[PDB]
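First up is the structure itself, then whatever we jot down about it.
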Amino acid sequence: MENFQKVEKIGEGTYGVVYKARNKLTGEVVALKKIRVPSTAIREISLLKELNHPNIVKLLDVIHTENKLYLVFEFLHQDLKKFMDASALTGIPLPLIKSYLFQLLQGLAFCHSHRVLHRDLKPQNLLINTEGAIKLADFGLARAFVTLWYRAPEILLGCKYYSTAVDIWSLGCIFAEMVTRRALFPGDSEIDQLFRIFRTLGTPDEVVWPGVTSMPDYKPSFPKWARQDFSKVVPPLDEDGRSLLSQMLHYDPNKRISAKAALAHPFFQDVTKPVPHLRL
Ligand SMILES: Cn1cnc2c(NCc3ccccc3)nc(NCCO)nc21
């Protein structure tokens with residue numbers, strides 16, 4: 001819009017291009033998102049404008065002008081993906097990884113309690129500040145209105161009425177990635193994605209996942225793989241970390257751990273809030 005000096009295109013995703021912009025009037029630097037108009041989209045958004053939390057990127061303003069929608073968000077200095085790319089030679093220390101996951105579970109727990117799902121978590125929409133805080137960006141736009149890597153298996157198998165459990169799956173995937181410095185399931189197609197999950201956690205069945213064989217995209221023709229030990233999957237992570245991850249990656253959406261429950265896991269017993277050395 002004309003109230004902003006679009007100083008840069010910091011990115012672009014499923015819902016449009018995001019720009020680092022300065023408010024011509026307030027002088028503040030904000031993240032301007034040009035959304036790519038449904039009275040309902042508008043109404044879902046208004047709800048999001050009102051959901052505030054320390055671990056959720058704040059939606060400052062909604063500009064519905066000339067039948068166009070722009071979302072104005074607070075600006076954060078870096079995203080997790082870039083930060084991990086910088087740390088790839090030494091990894092993000094466990095204390096920082098632990099603090100980040102803890103904060104992320106709090107954000108998720110706040111949203112999930114309001115029946116708000118993200119549905120598209122990935123390192124790129126996790127933003128961090130020099131203060132050691134991390135926040136979830138784009139929360140709830142999915143309902144208001146492409147890497148398959150963090151996609152929950154029930155979504156891959158055709159489930160249309162998915163739950164908050166899809167976010168815990170995504171988070172578990174990210175958690176593993178920070179630990180090993182390599183993506184857990186780097187799938188290049190929905191079926192490749194699905195068989196990558198199967199080769200590591202083993203092909204699901206009625207025992208571990210009752211109802212699985214009746215899923216829409218489920219085919220009796222799927223290969224049967226065996227489950228690998230987690231010690232081999234996330235070699236560096238301790239027992240507490242592995243049991244937590246295990247619970248986040250349960251096939252059955254109803255058996256997969258909740259964000260609130262995860263906060264009480266013994267893995268977070270020695271959590272602290274260290275500060276990251278960011279290069280801006
Ligand atoms: C809604 N929002 C608030 N701050 C940011 C931010 N800040 C990080 C940032 C700063 C400068 C250049 C690139 C990214 N990055 C992005 N998208 C980046 C994911 O590719 N959106 C943001």
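Please note that chains go A, B, ... in the order of the structure tokens, that every chain numbers its residues from 1, and that ligands are numbered from 1 in the order shown.
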
For stretch 225-230 of chain A, list every protein, DNA or RNA residue within 12 Å, evaluated using only C-alpha atoms, and leave out those in the same chain fewer than 5 positions away; present the list as a PyMOL selection string. chain A and resi 176+184+194-205+208+235-247+249+251

With a distance cut-off of 12 Å and only C-alpha atoms, select the neighbouring residues of residue A:26, excluding the residue or stretch itself and same-chain residues fewer than 6 positions from it, and output the selection as a VMD selection string. chain A and resid 3 to 5

Residues from the last selection, N, CA, C and O atoms, saved as an mmCIF file, in the first residue's frame:
data_model
loop_
_atom_site.group_PDB
_atom_site.id
_atom_site.type_symbol
_atom_site.label_atom_id
_atom_site.label_comp_id
_atom_site.auth_asym_id
_atom_site.auth_seq_id
_atom_site.Cartn_x
_atom_site.Cartn_y
_atom_site.Cartn_z
ATOM 1 N N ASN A 3 1.003 3.521 2.320
ATOM 2 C CA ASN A 3 1.426 3.919 3.662
ATOM 3 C C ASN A 3 2.731 3.256 4.019
ATOM 4 O O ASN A 3 3.248 3.465 5.107
ATOM 5 N N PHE A 4 3.242 2.439 3.106
ATOM 6 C CA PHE A 4 4.462 1.699 3.349
ATOM 7 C C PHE A 4 5.505 1.813 2.252
ATOM 8 O O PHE A 4 5.180 1.874 1.064
ATOM 9 N N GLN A 5 6.764 1.844 2.691
ATOM 10 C CA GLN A 5 7.940 1.911 1.829
ATOM 11 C C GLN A 5 8.422 0.471 1.834
ATOM 12 O O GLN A 5 9.055 0.059 2.795
#

Just want the residues within 6 Å of ligand 1, written as a list in words, counting only C-alpha atoms and all ligand atoms.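 The distance check yields residues 10, 11, 31, 73, 74, 75, 76, 77, 78, 79, 124, 125 and 137 of chain A.
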
Residue selection dump (N, CA and C atoms) as a compact mmCIF listing (two decimals), in the first residue's frame:
# COMPACT_ATOMS: atom_id res chain seq x y z
N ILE A 10 11.07 -10.10 1.80
CA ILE A 10 11.77 -11.05 2.66
C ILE A 10 11.40 -12.49 2.35
N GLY A 11 10.40 -12.68 1.50
CA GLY A 11 10.00 -14.03 1.15
C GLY A 11 8.71 -14.08 0.37
N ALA A 31 6.22 -6.49 8.86
CA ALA A 31 6.24 -7.50 7.80
C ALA A 31 4.90 -7.37 7.12
N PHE A 73 2.27 -7.66 10.04
CA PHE A 73 2.77 -8.37 11.21
C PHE A 73 3.99 -7.70 11.80
N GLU A 74 4.28 -7.98 13.06
CA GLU A 74 5.49 -7.47 13.72
C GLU A 74 6.65 -8.11 12.99
N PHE A 75 7.77 -7.40 12.93
CA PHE A 75 8.94 -7.89 12.23
C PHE A 75 9.90 -8.59 13.19
N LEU A 76 10.40 -9.76 12.78
CA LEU A 76 11.37 -10.55 13.55
C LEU A 76 12.62 -10.59 12.67
N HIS A 77 13.81 -10.58 13.28
CA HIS A 77 15.05 -10.53 12.49
C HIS A 77 15.61 -11.71 11.72
N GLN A 78 15.17 -12.93 12.05
CA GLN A 78 15.65 -14.11 11.34
C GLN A 78 14.62 -15.23 11.41
N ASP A 79 14.74 -16.19 10.51
CA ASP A 79 13.89 -17.37 10.48
C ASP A 79 14.80 -18.56 10.85
N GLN A 124 11.06 -22.45 8.07
CA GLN A 124 10.86 -21.13 7.51
C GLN A 124 9.78 -20.27 8.12
N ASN A 125 8.78 -20.87 8.76
CA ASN A 125 7.80 -20.02 9.41
C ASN A 125 7.90 -20.00 10.92
N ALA A 137 4.84 -18.14 12.86
CA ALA A 137 4.31 -17.18 11.90
C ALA A 137 3.29 -17.90 11.03

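For stretch 50-248 of chain A, a DSSP pass over the backbone yields strand (DSSP E) at residues 59, 60, 61, 62, 63, 64, 65, 68, 69, 70, 71, 72, 73, 74, 78, 79, 126, 127, 128, 134, 135 and 136 of chain A.
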
How close does each residue of stretch 97-190 of chain A get to stretch 32-49 of chain A, giving the shortest atom pair and distance in Å to one decimal for every residue with an atom at most 8 Å away, counting only C-alpha atoms, sorted by chain and residue number, as a tab-separated table?
residue	atom	partner	partner_atom	distance
A:140	CA	A:48	CA	7.1
A:141	CA	A:45	CA	7.4
A:143	CA	A:44	CA	7.6
A:144	CA	A:41	CA	4.7
A:145	CA	A:41	CA	5.7

Print the selection's residues with N, CA and C atoms to a file, as a PDB file, in the first residue's frame.
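Output file result.pdb follows:
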ATOM      1  N   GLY A 140      -3.042 -20.110  11.515  1.00  0.00           N
ATOM      2  CA  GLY A 140      -4.455 -19.962  11.198  1.00  0.00           C
ATOM      3  C   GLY A 140      -4.878 -19.433   9.845  1.00  0.00           C
ATOM      4  N   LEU A 141      -3.925 -19.043   9.011  1.00  0.00           N
ATOM      5  CA  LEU A 141      -4.265 -18.544   7.683  1.00  0.00           C
ATOM      6  C   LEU A 141      -4.854 -19.679   6.864  1.00  0.00           C
ATOM      7  N   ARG A 143      -6.926 -21.985   7.624  1.00  0.00           N
ATOM      8  CA  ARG A 143      -8.367 -22.086   7.792  1.00  0.00           C
ATOM      9  C   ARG A 143      -9.058 -20.828   7.247  1.00  0.00           C
ATOM     10  N   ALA A 144      -8.402 -19.680   7.397  1.00  0.00           N
ATOM     11  CA  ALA A 144      -8.943 -18.422   6.915  1.00  0.00           C
ATOM     12  C   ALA A 144      -9.219 -18.553   5.420  1.00  0.00           C
ATOM     13  N   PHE A 145      -8.246 -19.083   4.700  1.00  0.00           N
ATOM     14  CA  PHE A 145      -8.392 -19.260   3.269  1.00  0.00           C
ATOM     15  C   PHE A 145      -8.405 -20.755   2.942  1.00  0.00           C
TER      16      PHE A 145
END

Would you pick out the contacts of residue A:62 at 7 Å or less, using only C-alpha atoms, so that residues sharing its chain but fewer than 5 positions from it are not included, and give the list as a ChimeraX atom specification? /A:70-72

Please provide the set of residues having any atom within 12 Å of residue A:81, restricted to only C-alpha atoms, with same-chain residues fewer than 2 positions apart removed, written as a VMD selection string. chain A and resid 78 to 79 83 to 88 92 121 to 128 174 177 to 178 181 to 183

Here is a test: counting only C-alpha atoms, which residue of A:261, A:153, A:222, A:193 is nearest to residue A:106?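 Of A:261, A:153, A:222, A:193, the one nearest residue A:106 is A:261, counting only C-alpha atoms.
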
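Counting only C-alpha atoms, stretch 159-161 of chain A has the following residues at most 7 Å away, ignoring those fewer than 2 positions along the same chain: residues 154, 155, 157, 163, 215 and 216 of chain A.
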
How would the residues just picked look written out with N, CA, C and O atoms as a PDB file, in the first residue's frame?
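Written output follows (part-v5.pdb):
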ATOM      1  N   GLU A 154      -1.616 -38.774   8.196  1.00  0.00           N
ATOM      2  CA  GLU A 154      -3.060 -38.833   8.003  1.00  0.00           C
ATOM      3  C   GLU A 154      -3.494 -37.871   6.888  1.00  0.00           C
ATOM      4  O   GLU A 154      -4.512 -38.069   6.244  1.00  0.00           O
ATOM      5  N   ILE A 155      -2.716 -36.818   6.679  1.00  0.00           N
ATOM      6  CA  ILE A 155      -2.997 -35.855   5.633  1.00  0.00           C
ATOM      7  C   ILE A 155      -2.590 -36.524   4.317  1.00  0.00           C
ATOM      8  O   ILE A 155      -3.301 -36.428   3.325  1.00  0.00           O
ATOM      9  N   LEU A 157      -2.553 -39.666   3.614  1.00  0.00           N
ATOM     10  CA  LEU A 157      -3.492 -40.762   3.359  1.00  0.00           C
ATOM     11  C   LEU A 157      -4.951 -40.364   3.061  1.00  0.00           C
ATOM     12  O   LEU A 157      -5.846 -41.211   3.073  1.00  0.00           O
ATOM     13  N   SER A 163      -6.726 -32.856  12.721  1.00  0.00           N
ATOM     14  CA  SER A 163      -6.675 -32.182  14.007  1.00  0.00           C
ATOM     15  C   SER A 163      -5.370 -31.489  14.295  1.00  0.00           C
ATOM     16  O   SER A 163      -4.461 -31.449  13.469  1.00  0.00           O
ATOM     17  N   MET A 215      -8.490 -45.655   5.260  1.00  0.00           N
ATOM     18  CA  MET A 215      -8.164 -44.277   4.856  1.00  0.00           C
ATOM     19  C   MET A 215      -8.389 -44.192   3.358  1.00  0.00           C
ATOM     20  O   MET A 215      -8.191 -45.163   2.634  1.00  0.00           O
ATOM     21  N   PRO A 216      -8.800 -43.022   2.873  1.00  0.00           N
ATOM     22  CA  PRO A 216      -9.068 -42.765   1.454  1.00  0.00           C
ATOM     23  C   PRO A 216      -7.944 -43.110   0.474  1.00  0.00           C
ATOM     24  O   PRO A 216      -8.185 -43.758  -0.544  1.00  0.00           O
TER      25      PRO A 216
END
